[PDB]
Structures are given as C-alpha cells and as structure tokens.
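Visitor: This structure is in structure tokens; I'll ask about it shortly.
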Amino acid sequence: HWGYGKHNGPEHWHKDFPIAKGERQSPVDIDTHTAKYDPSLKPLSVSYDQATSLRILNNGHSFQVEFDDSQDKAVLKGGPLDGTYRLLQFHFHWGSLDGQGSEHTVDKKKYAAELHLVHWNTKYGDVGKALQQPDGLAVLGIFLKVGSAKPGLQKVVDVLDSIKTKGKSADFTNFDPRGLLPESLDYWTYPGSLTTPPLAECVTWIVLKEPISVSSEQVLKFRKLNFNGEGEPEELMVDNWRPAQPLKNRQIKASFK
Ligand SMILES: COC(=O)c1cc(S(N)(=O)=O)c(SC2CCCCC2)cc1Cl
Ligand SMILES: [Zn+2]
C-alpha cells in the first residue's frame, strides 16, 4: 500500500517505516560547493563485461533490469568501497515533466530522471542479509537529462510496452549496462539509505557527476507505463521519486577537482 500518490506517497511512509525520519536517509541535495574533494578516494571500478541480464520487470513503482548475481560477474569495487559488490538490478526514477524526476539534486537542480544500479556486498552472502548492514549495498546513481538519445537505452525503452503493467516481466538477456554509463566516473559519495520502503540505512551512495542524455521520445516511453495492474483505474507511472531528505550529520565527498 505505499506508493507515490497524495495519500500513500513519501510524506506518509514514516507511519509504516519510522526509519524514514532516521539519521542517514536518501536521497539528499548535493551542495557542490560544500562537498569536499577527498584525494584518498579511489577511482570507481565498474566491471560489467560479464553481466548477465536475465529479465526486465514492472514492479508497480518502477521497472527493473535484473541480473544473475549468483557469481561475481558484474561487480563494483574501489571508489569509497571496501570489498566487492555484485550488480543485482537497475531501475529508474522519473518525472511527469522534464524539470523533475531525479531523487538526488545538485545545488537544488532536479534532473528529468535518475538511474540506480543496485549492488550488494558479497561479504554478506545474499541481499537480504546485506540489507541489514550499514555497508550492505552500493548504489550507483546516474542523472538523465533530456536532449539527444542514449542509444544504449533503446533496447530497454522498446520492451516497456510489454510490461505496461505491474507484475509483467520479460526475458532481457544480453543487455549490456555499460551502454547506460556517461564518459566520466567522477562522483560524489555519502552514506545513506534505500529511497523506497523499507528505507533501510544500508547504502553507500555513489552519484556520478556527469549526466547521460536521453531523448524526449525515450523518456516519454517511461511515462507511458502504469502503476496499476492489468485491470484498475489507469494511473500513469510518473513522479516515482522521493524528495531530498535532511543531510543531518553527514559529509558528501567528491572524487574530483
Ligand atoms: C521506484 O523505486 C523502485 O522501484 C525501487 C527502488 C530502490 S532504491 N531507490 O534503490 O532504494 C530499490 S533497492 C532494492 C533492490 C532489490 C534488492 C533490495 C533493495 C528497488 C526498487 Cl524496486
Ligand atoms: Zn532507486
């Protein structure tokens, strides 16, 4: 029963998940002037050469490209991380209009959408155990702006009409997430949480500075998805983003400048 509407949206989540008002919630606004360059941070290692996408899916909140995470194929390491984090799935957050949609903001700027590639720390064995640890998950976040198309996104947009509705999936083998990355791996990082219930405070966030471009047609296909199942009053899947939360006692670190 939680979602993105007036009566079940982000302002209400704390009734079922009191950690919504915790000390390390996400997303946040990234004030770029205040983030400090940390010369001790390592370049991100994004090793996606052997990624096995299995499936794409309409979870009723967003859609997700899943991966086989039963072996170290697609992994994230370095940057702020200790150890190895296996890619589980990616999904997006986006707006009803191009001036909203991202979860993180940059100097209060909202982007049209935000891609999250979710990884879990292999030291904990499985994602359910990683959710219970302060360093269980690492989420790589990538902003999307509307301008030219992103050719590596097209295979995802073209299947969305087959998952219009919540609980639909389809094969999605051989999708290469390297196609969704911007040129630069410069990033901000801070300790936070899931941005959806249960809002567990288990995430090291790594937010890339460089957005990717997607076309207006591509994002229009995201906005044709539905939050409902096959069979209820139709409500378009838009504005499935949590606003920025209090930074509290946290420092955002920059990998550059
Ligand atoms: C609209 O947002 C979502 O649909 C969503 C958003 C998140 S986020 N923003 O990463 O907190 C997760 S993370 C989830 C992935 C499966 C393993 C446990 C954590 C999964 C989902 Cl499925
Ligand atoms: Zn997300």
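Identifiers in the structure tokens: chain A, B, ... in order shown; residue index from 1 per chain; ligand index from 1 in order shown.
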Using only C-alpha atoms and all ligand atoms, find each residue in chain A having at least one atom no more than 8 Å away from ligand 1; report its shortest atom-to-atom pair and that distance in Å (one decimal), rows by chain then rising number, as CSV.
Guide:
```
residue,atom,partner,partner_atom_place_in_ligand_line,distance
A:59,CA,ligand 1,22 (Cl),6.2
A:60,CA,ligand 1,4 (O),7.4
A:61,CA,ligand 1,1 (C),4.5
A:62,CA,ligand 1,4 (O),4.2
A:63,CA,ligand 1,4 (O),6.2
A:64,CA,ligand 1,22 (Cl),6.6
A:88,CA,ligand 1,16 (C),7.0
A:89,CA,ligand 1,15 (C),6.6
A:90,CA,ligand 1,15 (C),8.0
A:91,CA,ligand 1,4 (O),6.4
A:92,CA,ligand 1,1 (C),6.8
A:93,CA,ligand 1,1 (C),5.9
A:116,CA,ligand 1,10 (O),6.0
A:117,CA,ligand 1,10 (O),7.5
A:118,CA,ligand 1,10 (O),6.0
A:127,CA,ligand 1,17 (C),6.1
A:128,CA,ligand 1,18 (C),7.1
A:131,CA,ligand 1,18 (C),6.8
A:139,CA,ligand 1,10 (O),6.6
A:193,CA,ligand 1,11 (O),7.0
A:194,CA,ligand 1,11 (O),3.4
A:195,CA,ligand 1,11 (O),4.0
A:196,CA,ligand 1,11 (O),4.8
A:197,CA,ligand 1,11 (O),7.6
A:199,CA,ligand 1,11 (O),6.9
A:240,CA,ligand 1,1 (C),5.4
A:241,CA,ligand 1,1 (C),6.6
```
Visitor: Generate the output file for the selected residues, N, CA, C and O atoms, as an mmCIF file, in the first residue's frame.
Guide:
```cif
data_model
loop_
_atom_site.group_PDB
_atom_site.id
_atom_site.type_symbol
_atom_site.label_atom_id
_atom_site.label_comp_id
_atom_site.auth_asym_id
_atom_site.auth_seq_id
_atom_site.Cartn_x
_atom_site.Cartn_y
_atom_site.Cartn_z
ATOM 1 N N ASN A 59 7.369 -3.392 -11.381
ATOM 2 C CA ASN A 59 7.194 -3.823 -10.007
ATOM 3 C C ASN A 59 6.071 -3.016 -9.369
ATOM 4 O O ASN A 59 5.804 -3.113 -8.145
ATOM 5 N N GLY A 60 5.411 -2.187 -10.186
ATOM 6 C CA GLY A 60 4.334 -1.379 -9.685
ATOM 7 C C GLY A 60 4.809 -0.006 -9.190
ATOM 8 O O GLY A 60 3.965 0.834 -8.893
ATOM 9 N N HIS A 61 6.112 0.215 -9.077
ATOM 10 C CA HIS A 61 6.690 1.505 -8.650
ATOM 11 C C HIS A 61 7.582 2.077 -9.726
ATOM 12 O O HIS A 61 7.583 3.299 -9.949
ATOM 13 N N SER A 62 8.340 1.189 -10.351
ATOM 14 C CA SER A 62 9.218 1.494 -11.446
ATOM 15 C C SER A 62 9.296 0.209 -12.279
ATOM 16 O O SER A 62 8.511 -0.703 -12.029
ATOM 17 N N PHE A 63 10.203 0.140 -13.251
ATOM 18 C CA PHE A 63 10.625 -1.121 -13.835
ATOM 19 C C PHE A 63 12.062 -1.434 -13.424
ATOM 20 O O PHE A 63 12.847 -0.519 -13.166
ATOM 21 N N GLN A 64 12.621 -2.674 -13.640
ATOM 22 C CA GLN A 64 13.976 -3.145 -13.252
ATOM 23 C C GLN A 64 14.607 -4.188 -14.177
ATOM 24 O O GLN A 64 13.921 -5.159 -14.494
ATOM 25 N N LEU A 88 22.818 -6.467 -8.861
ATOM 26 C CA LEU A 88 21.543 -7.167 -8.792
ATOM 27 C C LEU A 88 20.549 -6.679 -9.793
ATOM 28 O O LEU A 88 19.902 -7.507 -10.419
ATOM 29 N N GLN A 89 20.338 -5.361 -9.875
ATOM 30 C CA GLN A 89 19.306 -4.871 -10.762
ATOM 31 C C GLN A 89 19.503 -3.369 -10.924
ATOM 32 O O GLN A 89 20.156 -2.731 -10.090
ATOM 33 N N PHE A 90 18.995 -2.838 -12.045
ATOM 34 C CA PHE A 90 18.868 -1.399 -12.150
ATOM 35 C C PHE A 90 17.426 -1.023 -12.382
ATOM 36 O O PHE A 90 16.586 -1.794 -12.853
ATOM 37 N N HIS A 91 17.110 0.229 -12.017
ATOM 38 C CA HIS A 91 15.804 0.784 -12.294
ATOM 39 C C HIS A 91 15.977 2.295 -12.388
ATOM 40 O O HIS A 91 17.050 2.790 -12.172
ATOM 41 N N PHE A 92 14.844 2.957 -12.619
ATOM 42 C CA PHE A 92 14.857 4.431 -12.803
ATOM 43 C C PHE A 92 13.767 5.084 -11.957
ATOM 44 O O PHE A 92 12.825 4.478 -11.551
ATOM 45 N N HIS A 93 13.971 6.384 -11.733
ATOM 46 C CA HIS A 93 13.016 7.292 -11.184
ATOM 47 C C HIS A 93 12.858 8.434 -12.153
ATOM 48 O O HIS A 93 13.830 8.878 -12.749
ATOM 49 N N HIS A 116 19.445 4.029 -11.109
ATOM 50 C CA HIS A 116 20.091 3.403 -9.957
ATOM 51 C C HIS A 116 20.488 1.986 -10.300
ATOM 52 O O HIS A 116 19.657 1.148 -10.616
ATOM 53 N N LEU A 117 21.797 1.737 -10.226
ATOM 54 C CA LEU A 117 22.349 0.373 -10.372
ATOM 55 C C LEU A 117 22.680 -0.122 -8.971
ATOM 56 O O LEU A 117 23.497 0.474 -8.260
ATOM 57 N N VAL A 118 21.979 -1.155 -8.531
ATOM 58 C CA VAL A 118 21.985 -1.587 -7.102
ATOM 59 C C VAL A 118 22.900 -2.812 -7.000
ATOM 60 O O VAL A 118 22.744 -3.802 -7.771
ATOM 61 N N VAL A 127 21.356 -10.729 -0.556
ATOM 62 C CA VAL A 127 20.911 -9.334 -0.480
ATOM 63 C C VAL A 127 20.045 -9.086 0.740
ATOM 64 O O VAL A 127 20.030 -7.997 1.263
ATOM 65 N N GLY A 128 19.299 -10.100 1.184
ATOM 66 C CA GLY A 128 18.545 -9.968 2.400
ATOM 67 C C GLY A 128 19.406 -9.734 3.638
ATOM 68 O O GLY A 128 19.081 -8.884 4.493
ATOM 69 N N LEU A 131 20.977 -6.130 3.383
ATOM 70 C CA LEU A 131 20.042 -5.046 3.769
ATOM 71 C C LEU A 131 20.096 -4.671 5.251
ATOM 72 O O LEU A 131 19.611 -3.603 5.645
ATOM 73 N N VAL A 139 24.847 1.795 -4.265
ATOM 74 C CA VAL A 139 24.011 2.173 -5.384
ATOM 75 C C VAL A 139 24.725 3.225 -6.196
ATOM 76 O O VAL A 139 25.185 4.208 -5.627
ATOM 77 N N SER A 193 20.612 5.525 2.435
ATOM 78 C CA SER A 193 19.573 4.509 2.592
ATOM 79 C C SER A 193 18.950 4.130 1.262
ATOM 80 O O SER A 193 19.113 4.816 0.256
ATOM 81 N N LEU A 194 18.105 3.078 1.301
ATOM 82 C CA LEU A 194 17.170 2.891 0.206
ATOM 83 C C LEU A 194 16.261 4.116 0.093
ATOM 84 O O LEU A 194 15.948 4.765 1.156
ATOM 85 N N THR A 195 15.793 4.418 -1.084
ATOM 86 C CA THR A 195 14.836 5.539 -1.233
ATOM 87 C C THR A 195 13.389 5.043 -1.328
ATOM 88 O O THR A 195 12.546 5.935 -1.562
ATOM 89 N N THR A 196 13.165 3.768 -1.170
ATOM 90 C CA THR A 196 11.817 3.233 -1.132
ATOM 91 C C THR A 196 11.759 2.402 0.122
ATOM 92 O O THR A 196 12.738 1.939 0.672
ATOM 93 N N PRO A 197 10.537 2.226 0.691
ATOM 94 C CA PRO A 197 10.333 1.286 1.798
ATOM 95 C C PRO A 197 11.027 -0.025 1.477
ATOM 96 O O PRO A 197 10.967 -0.522 0.308
ATOM 97 N N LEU A 199 13.372 1.552 3.325
ATOM 98 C CA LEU A 199 14.180 2.710 3.656
ATOM 99 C C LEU A 199 15.382 2.376 4.549
ATOM 100 O O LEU A 199 15.909 3.182 5.274
ATOM 101 N N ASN A 240 7.765 9.026 -9.581
ATOM 102 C CA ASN A 240 8.101 7.929 -8.682
ATOM 103 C C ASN A 240 9.472 8.166 -8.067
ATOM 104 O O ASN A 240 10.327 7.283 -7.968
ATOM 105 N N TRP A 241 9.606 9.375 -7.489
ATOM 106 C CA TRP A 241 10.862 9.785 -6.875
ATOM 107 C C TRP A 241 10.535 10.281 -5.467
ATOM 108 O O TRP A 241 9.493 10.924 -5.196
#
```
Visitor: For residue 192 of chain A, find every residue with an atom within 10 Å (counting only C-alpha atoms), except residues of its own chain fewer than 3 positions away, and show them as a list in words.
Guide: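 So, after excluding close chain neighbours, the residues are residues 22, 23, 24, 25, 26, 27, 28, 134, 135, 137, 138, 139, 189, 195, 199, 200, 201, 202, 203, 204, 205, 247 and 250 of chain A.
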Visitor: Those same residues, written as a compact mmCIF listing (two decimals), in the first residue's frame with N, CA and C atoms?
Guide:
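And here is the file that came out, result.txt:
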```txt
# COMPACT_ATOMS: atom_id res chain seq x y z
N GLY A 22 15.08 8.86 9.91
CA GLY A 22 16.33 8.49 10.55
C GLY A 22 17.48 9.45 10.23
N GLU A 23 18.65 9.00 10.62
CA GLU A 23 19.84 9.81 10.59
C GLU A 23 20.65 9.71 9.27
N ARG A 24 20.30 8.78 8.40
CA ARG A 24 21.07 8.64 7.17
C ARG A 24 20.14 8.24 6.03
N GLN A 25 19.12 9.08 5.80
CA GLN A 25 18.13 8.84 4.73
C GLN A 25 18.64 9.40 3.39
N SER A 26 18.06 8.84 2.36
CA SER A 26 18.36 9.26 0.97
C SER A 26 17.06 9.52 0.22
N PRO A 27 17.04 10.27 -0.83
CA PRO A 27 18.22 10.99 -1.42
C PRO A 27 18.54 12.21 -0.60
N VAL A 28 19.50 13.02 -1.02
CA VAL A 28 19.89 14.30 -0.47
C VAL A 28 20.13 15.25 -1.60
N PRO A 134 25.20 -1.74 7.63
CA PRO A 134 25.43 -0.34 7.22
C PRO A 134 26.23 -0.21 5.93
N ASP A 135 26.96 -1.26 5.59
CA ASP A 135 27.72 -1.25 4.32
C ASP A 135 27.27 -2.43 3.45
N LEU A 137 24.96 -2.39 0.83
CA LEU A 137 24.62 -2.11 -0.57
C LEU A 137 25.44 -0.94 -1.06
N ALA A 138 25.69 -0.93 -2.39
CA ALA A 138 26.25 0.25 -3.01
C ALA A 138 25.35 0.53 -4.20
N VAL A 139 24.85 1.79 -4.27
CA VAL A 139 24.01 2.17 -5.38
C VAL A 139 24.73 3.22 -6.20
N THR A 189 30.06 10.85 -3.05
CA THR A 189 29.62 9.69 -2.26
C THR A 189 29.29 10.08 -0.82
N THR A 195 15.79 4.42 -1.08
CA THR A 195 14.84 5.54 -1.23
C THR A 195 13.39 5.04 -1.33
N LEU A 199 13.37 1.55 3.33
CA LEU A 199 14.18 2.71 3.66
C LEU A 199 15.38 2.38 4.55
N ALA A 200 15.83 1.11 4.41
CA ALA A 200 16.93 0.59 5.23
C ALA A 200 18.20 1.43 5.02
N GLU A 201 18.90 1.66 6.12
CA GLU A 201 20.10 2.53 6.14
C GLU A 201 21.38 1.69 5.92
N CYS A 202 21.40 1.18 4.71
CA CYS A 202 22.39 0.13 4.34
C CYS A 202 23.22 0.48 3.09
N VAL A 203 23.11 1.69 2.59
CA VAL A 203 23.62 2.03 1.26
C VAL A 203 24.78 2.98 1.37
N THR A 204 25.91 2.63 0.62
CA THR A 204 26.87 3.63 0.22
C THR A 204 26.46 4.14 -1.15
N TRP A 205 26.12 5.48 -1.18
CA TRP A 205 25.72 6.05 -2.43
C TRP A 205 26.97 6.54 -3.18
N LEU A 247 20.30 16.23 5.42
CA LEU A 247 21.65 15.68 5.41
C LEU A 247 22.07 15.25 6.81
N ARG A 250 26.13 14.35 8.09
CA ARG A 250 26.86 13.64 7.05
C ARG A 250 27.67 14.52 6.17
```
Visitor: For each of A:102, A:245, A:53, A:251, take the minimum atom-to-atom distance to ligand 2, counting only C-alpha atoms and all ligand atoms, then give the residue where this is smallest.
Guide: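 Checking each candidate against ligand 2, we get A:102 as the closest.
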Visitor: What does the distance between atom CA of residue 162 of chain A and atom CA of residue 198 of chain A come to in Å, to one decimal place?
Guide: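 If I compute the distance from atom CA of residue 162 of chain A to atom CA of residue 198 of chain A, I get 28.1 Å.
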Visitor: Find the residues near residue 34 of chain A: any atom within 12 Å, counting only C-alpha atoms, skip ones fewer than 2 places away on the same chain, and give them as a compact mmCIF listing (two decimals) with C-alpha atoms, in the first residue's frame.
Guide:
```
# COMPACT_ATOMS: atom_id res chain seq x y z
CA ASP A 29 20.69 17.55 -2.17
CA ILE A 30 24.37 17.60 -3.16
CA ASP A 31 25.61 21.08 -2.43
CA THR A 32 28.68 21.11 -4.76
CA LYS A 36 34.88 18.19 -0.17
CA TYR A 37 37.38 16.74 -2.54
CA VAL A 106 22.70 19.06 -7.43
CA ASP A 107 22.66 22.59 -5.97
CA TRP A 188 30.07 12.19 -5.07
CA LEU A 247 21.65 15.68 5.41
CA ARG A 250 26.86 13.64 7.05
CA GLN A 251 29.61 14.72 4.72
CA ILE A 252 29.38 14.35 0.94
CA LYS A 253 32.79 13.65 -0.54
CA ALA A 254 33.87 14.37 -4.09
```
Visitor: Take atom CA of residue 140 of chain A and atom CA of residue 224 of chain A and report the distance between them in Å, one decimal.
Guide: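 Atom CA of residue 224 of chain A lies 25.2 Å from atom CA of residue 140 of chain A.
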Visitor: Identify which of the residues A:78, A:101, A:167, A:179 lies closest to ligand 2, counting only C-alpha atoms and all ligand atoms when measuring atom-to-atom distances.
Guide: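 Nearest candidate to ligand 2 out of A:78, A:101, A:167, A:179: A:101.
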Visitor: Measure the distance from atom CA of residue 168 of chain A to atom CA of residue 57 of chain A in Å and round it to one decimal.
Guide: 5.9 Å
Visitor: Show me, as a ChimeraX atom specification, the residues that have an atom within 7 Å of segment 180-185 of chain A when counting only C-alpha atoms, minus same-chain residues fewer than 6 positions from it.
Guide: /A:44,152-153,208,210-212
Visitor: Just want the 8 Å neighbourhood of residue 45 of chain A, counted on only C-alpha atoms, with same-chain residues fewer than 6 positions away dropped. Output as a PyMOL selection string.
Guide: chain A and resi 76-79
Visitor: Taking 3 positions as the minimum chain separation for residues in the same chain, which residues sit within 9 Å of residue 5 of chain A when counting only C-alpha atoms? Answer as a PyMOL selection string.
Guide: chain A and resi 2+8-10+239-240
Visitor: Write a file of the just-selected residues containing C-alpha atoms, as a short mmCIF file (atom, residue, chain, number, x, y, z; two decimals), in the first residue's frame.
Guide:
```cif
data_model
loop_
_atom_site.label_atom_id
_atom_site.label_comp_id
_atom_site.auth_asym_id
_atom_site.auth_seq_id
_atom_site.Cartn_x
_atom_site.Cartn_y
_atom_site.Cartn_z
CA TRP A 2 2.83 2.63 -0.13
CA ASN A 8 0.35 6.93 0.16
CA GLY A 9 3.38 8.94 -1.05
CA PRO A 10 6.70 9.90 0.65
CA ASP A 239 6.79 11.09 -10.38
CA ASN A 240 8.10 7.93 -8.68
#
```
Visitor: Give the answer as one residue: which of A:175, A:227, A:111, A:94 has the shortest atom-to-atom distance to ligand 2, using only C-alpha atoms and all ligand atoms?
Guide: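 Smallest separation from ligand 2 among the options: A:94.
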Visitor: Hey, what does DSSP flag as alpha helix (DSSP H) within segment 81-240 of chain A? Can you give it to me as a list in words?
Guide: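 Everything in segment 81-240 of chain A that counts as alpha helix (DSSP H) is residues 127, 128, 129, 130, 154, 155, 156, 157, 216, 217, 218, 219, 220, 221 and 222 of chain A.
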Visitor: Suppose we keep N, CA and C atoms; can you now write the selection as a short mmCIF file (atom, residue, chain, number, x, y, z; two decimals), in the first residue's frame?
Guide:
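Result file out.cif:
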```
data_model
loop_
_atom_site.label_atom_id
_atom_site.label_comp_id
_atom_site.auth_asym_id
_atom_site.auth_seq_id
_atom_site.Cartn_x
_atom_site.Cartn_y
_atom_site.Cartn_z
N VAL A 127 21.36 -10.73 -0.56
CA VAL A 127 20.91 -9.33 -0.48
C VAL A 127 20.05 -9.09 0.74
N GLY A 128 19.30 -10.10 1.18
CA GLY A 128 18.54 -9.97 2.40
C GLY A 128 19.41 -9.73 3.64
N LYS A 129 20.57 -10.40 3.72
CA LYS A 129 21.49 -10.16 4.83
C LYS A 129 22.20 -8.80 4.63
N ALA A 130 22.53 -8.45 3.38
CA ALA A 130 23.21 -7.17 3.15
C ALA A 130 22.30 -6.01 3.56
N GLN A 154 18.04 2.24 -25.78
CA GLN A 154 16.89 1.92 -26.62
C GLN A 154 16.30 0.53 -26.40
N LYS A 155 17.13 -0.52 -26.21
CA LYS A 155 16.59 -1.86 -26.01
C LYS A 155 15.65 -1.92 -24.80
N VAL A 156 15.86 -1.07 -23.78
CA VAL A 156 15.05 -1.09 -22.60
C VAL A 156 13.73 -0.39 -22.95
N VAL A 157 13.80 0.78 -23.59
CA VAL A 157 12.57 1.51 -23.87
C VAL A 157 11.68 0.67 -24.78
N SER A 216 13.69 13.02 -25.70
CA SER A 216 12.33 13.25 -25.26
C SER A 216 11.45 12.04 -25.61
N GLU A 217 11.66 11.38 -26.77
CA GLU A 217 10.90 10.16 -27.03
C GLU A 217 11.18 9.06 -26.00
N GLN A 218 12.45 8.84 -25.62
CA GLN A 218 12.81 7.79 -24.68
C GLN A 218 12.09 8.00 -23.34
N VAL A 219 12.14 9.24 -22.84
CA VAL A 219 11.53 9.46 -21.53
C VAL A 219 9.99 9.41 -21.65
N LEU A 220 9.45 9.77 -22.82
CA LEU A 220 8.02 9.68 -22.99
C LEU A 220 7.58 8.23 -22.91
N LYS A 221 8.39 7.28 -23.29
CA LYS A 221 8.04 5.87 -23.17
C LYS A 221 8.03 5.41 -21.70
N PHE A 222 8.91 5.96 -20.86
CA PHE A 222 8.86 5.67 -19.40
C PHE A 222 7.51 6.12 -18.86
#
```
Visitor: List every residue of segment 161-216 of chain A that DSSP, applied to the backbone, labels as strand (DSSP E or B), and write the result as a list in words.
Guide: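 So, restricting segment 161-216 of chain A to strand (DSSP E or B), we get residues 169, 170, 171, 187, 188, 189, 190, 191, 192, 203, 204, 205, 206, 207, 208, 212, 213 and 214 of chain A.
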Visitor: So, counting only C-alpha atoms and all ligand atoms, which residue among A:3, A:125, A:39, A:141 is closest to ligand 2?
Guide: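 So, comparing all the options, the nearest one is A:141.
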Visitor: Using only C-alpha atoms and all ligand atoms for the distances, tell me which of A:73, A:104, A:12, A:7 is nearest to ligand 2.
Guide: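 Answer, going by the shortest atom-to-atom distance: A:104.
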Visitor: My list of candidates is A:84, A:113, A:225, A:35. Which is closest to ligand 2 when distances are computed with only C-alpha atoms and all ligand atoms?
Guide: A:113
